[PDB]
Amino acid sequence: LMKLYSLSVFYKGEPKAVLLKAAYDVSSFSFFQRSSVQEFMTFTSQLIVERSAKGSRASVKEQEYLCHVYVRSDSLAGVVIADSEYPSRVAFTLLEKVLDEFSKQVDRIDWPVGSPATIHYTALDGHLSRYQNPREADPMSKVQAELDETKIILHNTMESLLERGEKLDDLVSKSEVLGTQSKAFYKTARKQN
């Protein structure tokens, strides 16, 4: 009930989003799916950052999932993938807190050519784990009053983020973030439903 599946920090370059650090909880999935589900959440998180404007907050609905993104004006972006029922208000609180703490710890000179292997920030697995229970959300009331007056862009499908002549299938096919198993898993899941 009400799960968080991934939390990741990106540098938003044009056009490419650079993954800096990611945390996942794929334990509710079958053992054989876990590696693929992780890759697809990284792939999904990367694409949402790239198609989102700087200084904007958005929620992307797909299946029973909700992907919340905050791309800041300084080019740091955070993505949390959750179940739709998880309260969006607290998800953005989560993104606000991690991007703050990350930018305080990790100098922006490391962002444009950074990668998980070269970025030392270990806190991400802790925040995801702690936010599994919304009741233990770190309450900044000052950003809460800020978030209340903050608008969020709703995308009803992943189709909403892409261009008019763009299929999700081609981006999946050509992906460098997705392994061959992931791409297959996507292709069979498209066939079945």
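The numbering used is simple: start at 1 and walk along the sequence shown.
Relative to one another, 32 to 40 and 133 to 141 have unequal mean CA B-factors, and 133 to 141 is the one with the higher figure.
Stretches 164 to 172 and 47 to 55 differ in mean C-alpha B factor, with the higher average recorded for 164 to 172. Per the PDB record, residue ranking by Cα B-factor puts residue 189 in the highest third of the chain. When the modelled residues of the chain are ordered by C-alpha B-factor, residue 67 sits in the middle third. Among the modelled residues of the chain, residue 177 sits in the highest third by CA temperature factor in this PDB entry.
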